[PDB]
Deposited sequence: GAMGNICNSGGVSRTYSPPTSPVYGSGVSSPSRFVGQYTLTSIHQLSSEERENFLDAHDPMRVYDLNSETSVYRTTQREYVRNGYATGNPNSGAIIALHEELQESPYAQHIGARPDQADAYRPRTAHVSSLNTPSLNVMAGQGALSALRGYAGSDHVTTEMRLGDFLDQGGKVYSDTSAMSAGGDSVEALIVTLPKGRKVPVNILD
């Protein structure tokens, strides 16, 4: 199970075959893993002032740590199992500071237990981020049926929000 030690040298999903790349995305891309889409609603708490005109803008200075599902790092279990160095199961996404994206973003919660898990509570349409070039990352910085996400929102862009409380 540990024969491949030192051989887990891949660092990008593009270094994997098409089949393994798809396997990795199936296991780590938030969009696929949590079965998200343009109509998925995402939530976060904030202050009225920031969304008083019905829109929210991305935060330029977040301290969030995100998972990069397109980049690889040896899985802590690769050596425990016999994971081949050219297979998706031998790796896990790399993580990085959100500032590395050089783009404002918003930390949101998604899932049936989101609203519960969570100043005012806002709701947003994931598609509104996506339609404007926003990207979704798992936030690695609740319980079950809820996932923490980081969604980018390019400079000068905004998304409509609904205050729930």
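Residues of the deposited sequence with no modelled C-alpha atom fall in the ranges 1 to 30, 149 to 155, 179 to 182.
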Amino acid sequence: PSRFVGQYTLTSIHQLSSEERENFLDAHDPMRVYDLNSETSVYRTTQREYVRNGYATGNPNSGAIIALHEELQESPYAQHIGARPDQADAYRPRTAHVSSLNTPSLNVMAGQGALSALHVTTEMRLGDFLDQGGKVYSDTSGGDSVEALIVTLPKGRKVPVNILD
From here on, numbers count along this sequence of modelled residues.
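Of the two segments, 106 to 114 and 24 to 32, the one listed with the higher mean B-factor is 106 to 114 (C-alpha atoms only). Annotation for 5 to 13 versus 153 to 161: the higher mean temperature factor (C-alpha) is found in 153 to 161.
Listed residues 82, 93, 76, 85 were ranked by CA B-factor as deposited; 82 comes out on top. When the CA B factors of the chain's modelled residues are split into thirds, the value for residue 69 lands in the lowest one. Sort the chain's modelled residues by C-alpha temperature factor and residue 61 lands in the highest third, per the entry. In the PDB entry, residue 122 places in the middle third of its chain by CA B-factor. Ranked against the other modelled residues of its chain, the C-alpha B-factor of residue 44 as given in the entry falls in the middle third. Annotation for residue 136: C-alpha temperature factor in the lowest third relative to the rest of the modelled chain, per the entry.
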